[PDB]
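Chains as they are written, first to last, in my numbering: chain Z, 384 to 433; chain F, 4 to 294; chain L, 141 to 195; chain P, 40 to 190; chain H, 833 to 880; chain Y, 197 to 295; chain D, 39 to 87. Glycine included, every Cβ here is placed at the ideal spot set by N, Cα and C. Below is one structure, written out as structure tokens, with a few remarks after it.
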Amino acid sequence: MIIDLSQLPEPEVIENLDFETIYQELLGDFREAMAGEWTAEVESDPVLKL
Amino acid sequence: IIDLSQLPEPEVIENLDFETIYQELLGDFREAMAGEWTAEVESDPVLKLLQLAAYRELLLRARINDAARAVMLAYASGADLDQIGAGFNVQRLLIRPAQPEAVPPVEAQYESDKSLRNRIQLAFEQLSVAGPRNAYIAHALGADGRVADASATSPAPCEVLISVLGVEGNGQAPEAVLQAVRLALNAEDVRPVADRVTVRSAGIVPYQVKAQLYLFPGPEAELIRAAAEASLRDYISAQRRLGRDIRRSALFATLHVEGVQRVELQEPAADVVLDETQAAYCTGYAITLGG
Amino acid sequence: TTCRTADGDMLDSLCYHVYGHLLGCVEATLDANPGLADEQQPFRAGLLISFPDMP
Amino acid sequence: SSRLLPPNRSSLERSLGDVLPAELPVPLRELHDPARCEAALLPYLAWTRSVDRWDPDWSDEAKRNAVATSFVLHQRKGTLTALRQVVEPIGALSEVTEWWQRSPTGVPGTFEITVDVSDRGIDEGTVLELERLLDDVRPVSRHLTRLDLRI
Amino acid sequence: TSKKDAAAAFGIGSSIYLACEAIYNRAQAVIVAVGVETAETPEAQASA
Amino acid sequence: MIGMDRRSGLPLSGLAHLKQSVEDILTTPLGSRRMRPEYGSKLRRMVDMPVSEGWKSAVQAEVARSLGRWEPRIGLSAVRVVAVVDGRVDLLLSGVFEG
Amino acid sequence: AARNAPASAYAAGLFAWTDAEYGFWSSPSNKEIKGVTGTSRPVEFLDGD
């Protein structure tokens, strides 16, 4: 009497990922860390390369 | 059957602090920029990038560790043992499931933690149907209104003495609940072997404890006194879960909470012995303060 | 829809030509591929990436 | 790395592409292979495989085979084959008893076994463990506490 | 043609890699390097 | 807007930040950026195309496109092909200064 | 630490850089050397003397 694997709930450690919810955090971790000394959110600025 | 999820945490990757990660990145950076490093190069925007990068693998050494907890049965949380128990033939069952007697008060309930993991621990003790020491144990934990089992044999061979203990209240388990183990052990035992089923195989002696604790002059003595029984009233029910002994030191360490400088014990003159056969029951406690 | 890479191809460049956008389309490719992330980001000459449908 | 960055890049950005990612090993698949676990976290895996008896004195070649073959030992407890492999660190397989070697219908006790173990590598001690090391393989009432040994 | 090409062809820490290190930081140009073995006396190094 | 210099990390806002963004755009190809396949220029793909009067209509478009997309603080004046020497095409790009 | 370089390879770094930046008709005689951190026997050039 084995249980089929297709009726299990989804686990905790598997995460749907997003590039944006990592990259928009890195904006919101660097902008507050500069204290307004960096304010060029244009993509050609070489902070958005890195 | 001992819970492994009550230990200090194991580190599969080392967990460095923020400062030695930063200087480890700077050293690699100097080697890469060798021949080009200048005082102007280490500017304020560049340094604040490196202070981010020292923090991101501070959250990745914390990511590998927090992932490796929930893979091992040591410190795995809910909705994640279903992936581990499927590897050990463990499916959660229904203990009075969601029957809506009335439709707005929904009453849904599953098996909780720290006992479903125990079944996973006993998963490999359910493979052998030739009856080792634990297969009589690990099949008798299919019921709910009991506690775990212990096996012994004093008489002539193929006479199994199993002690079906049960935690539901004051001692004696009902004989109608005793008949359920033969419904759980029919095609799991060996056929020539024959067991006798004794619920209380040695006897019950009444025990107590009387402790005169001290608290500090300071915070409130209502929630600190009551916090001692939060680690004690679930501890006494876990003693016959392994069938093993209680000590004098069990009556000390389960009463040390935040705000304790010394404790004291008077109820035993000397410690008693409780073997795998011998067990006892605790009737009623009274832990107050001396101050 | 399994495709074969080359030895210098990269993941976000490949699935932009296939899908047309990259919002939610790269990490879904790493999700439905066993051991792709373990492999180095500059892919080897003959690895197989199975691109899923409905990104 | 440097290649990941666009072709037009300074030598400052080319250095930061090797530093700002800062990749790490993920030693997660090695946690469930007993032949590839580290020695510091090996008794975590010995718990979930229900390894009943364990010693912190063996060599690492003698510790990993006790975890890897913990499935086969508990799968067929009654069979002789598991008994052969439960004595793994003590290299010993000489002789096993059976009914018809004794003529008067077995011993009183319905033929509890007196197995043979031969150890030449270690001579000091090694006796007081063997009456309880074989206790988990032994059923509760199919065998009696009679035992034989050999050094 | 590059800073890594001088480290592989003459070794890091050589006296001629340190000269290519001086060039590839300011500029990026083609270097036709010869490279000689270290003579014993400093007077015989000039003859090499 | 205040940004950092590409080499040497120095914070410069007006003069070289407007120059390190335009001069990078003309030689950065499309798809070289990570998760941004539309940043860059087609000027790296304009190499070895035949120099016709329809080719200058594309380069004056791609200068007006790739700078019109990702550099709004630059007003393009004129992209005049002024010399064809040895296959080398001299395109003069005089840009206005803002800020 | 700070070692003494022959300062001849650092001058050829400027002859190769000005030909790529300003052209082969441009003298490298005002351009900056990047890797240095000093100069043995420092020479005097104050403003206009």
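Apart from the five residues on each side of it in sequence, which residues of its chain come closer than 7 Å, Cβ to Cβ, to residue i?
i: residue 151(P); result: 182, 183, 185
i: residue 170(L); result: 176, 177
i: residue 44(P); result: 52, 53, 56
i: residue 259(F); result: 266
i: residue 41(P); result: 53, 56, 57
i: residue 172(P); result: 92
Could you name the residues of chain L that residue i contacts, counting a contact when the two beta carbons are closer than 8 Å?
i: residue 42(P); result: 182
So, for residue i: in the same chain, excluding its five sequence neighbours on each side, which residues have a beta-carbon less than 8 Å away from its beta-carbon?
i: residue 110(P); result: 88
i: residue 200(F); result: 165, 167, 181, 184, 185
i: residue 236(Y); result: 221, 224, 225, 226, 227, 228, 229, 262
i: residue 843(H); result: 849
What does residue i touch in chain Z if you count any residue whose Cβ is under 7 Å from its own?
i: residue 55(P); result: 433
Between residue i and residue j, how many whole angstroms is the CB-CB distance? I'm expecting something under 8 Å.
i: residue 295(Y); j: residue 269(Y); result: 7 Å
i: residue 160(F); j: residue 148(P); result: 6 Å
i: residue 136(F); j: residue 154(F); result: 5 Å
i: residue 192(P); j: residue 90(P); result: Absent from the model: residue 192(P). The displayed extent of chain P is 40 to 190, so no value can be given.
i: residue 139(F); j: residue 179(P); result: 7 Å
i: residue 235(F); j: residue 227(F); result: With 8 Å as the limit, residue 235(F) and residue 227(F) do not qualify as a contact, their Cβ atoms being about 14 Å apart.
i: residue 121(F); j: residue 4(F); result: 5 Å
i: residue 70(P); j: residue 71(F); result: 7 Å
Excluding sequence positions up to five away, which residues of its chain have a Cβ less than 6 Å from the Cβ of residue i?
i: residue 83(P); result: none
i: residue 242(F); result: 249
i: residue 146(F); result: 183
i: residue 129(F); result: 141
i: residue 170(P); result: 186
i: residue 210(Y); result: 295
i: residue 7(F); result: 77
Let me know the secondary structure DSSP gives residue i once reduced to three states.
i: residue 68(P); result: helix
i: residue 171(P); result: helix
i: residue 393(Z); result: coil
i: residue 144(L); result: strand
i: residue 257(F); result: coil
i: residue 285(F); result: strand
i: residue 49(F); result: helix
i: residue 243(F); result: coil
i: residue 252(F); result: coil
i: residue 227(F); result: helix
i: residue 295(F); result: This structure gives no information on residue 295(F), because the portion of chain F shown stretches from 4 to 294.
i: residue 277(Y); result: strand
i: residue 848(H); result: coil
i: residue 94(F); result: coil
i: residue 87(P); result: helix
i: residue 200(Y); result: strand
i: residue 56(D); result: helix
i: residue 190(L); result: strand
Give me the chain F residues within the contact set of residue i, using Cβ-Cβ distance strictly less than 8 Å, ordered along the chain.
i: residue 391(Z); result: 85, 86, 89
i: residue 200(Y); result: 46, 48, 49
i: residue 149(P); result: 160, 161
i: residue 72(D); result: 39, 41
Taking residue i as the query, report the chain Z residues whose CB atoms sit under 8 Å from its CB, ordered along the chain.
i: residue 166(L); result: 402
i: residue 221(Y); result: 427
i: residue 59(P); result: 433
i: residue 232(Y); result: 426
For residue i, which residues in chain P fall below 8 Å Cβ to Cβ?
i: residue 196(F); result: 178, 180, 181
i: residue 225(Y); result: 45, 46
Anything in chain Z within Cβ reach of residue i, meaning under 9 Å, just list it in chain order.
i: residue 101(F); result: Those do not exist, as residue 101(F) stays about 15 Å from chain Z at its closest Cβ, beyond 9 Å.
i: residue 229(P); result: Because chain P in this structure spans residues 40 to 190, residue 229(P) falls outside the shown range and cannot be described.
Which residues in chain H have a C-beta closer than 9 Å to the C-beta of residue i? List them in chain order.
i: residue 63(D); result: Chain H residues near residue 63(D): none, gap ~17 Å exceeds 9 Å.
In chain F, which residues lie with their C-beta within 7 Å of the C-beta of residue i?
i: residue 65(P); result: 67
Using the beta-carbon of each residue, which ones in chain P are nearer than 9 Å to residue i?
i: residue 228(Y); result: 44, 45, 46, 47
Item to check | chain H contacts from the segment 25-40 of chain F (Cβ-Cβ distance under 8 Å) | outcome: 37, 38, 39
Checklist entry - Of the residues that make up the segment 237-261 of chain Y, which ones have a beta carbon closer than 8 Å to any beta carbon in chain P? => result none
Item to check | Chain-ordered residues of the segment 203-216 of chain Y with a beta carbon less than 8 Å from chain F | outcome: 204, 205, 206, 207
Checklist entry - Taking any Cβ of chain F, which residues in the segment 844-876 of chain H have a Cβ under 8 Å from it, in chain order? => result 853, 854, 856, 857
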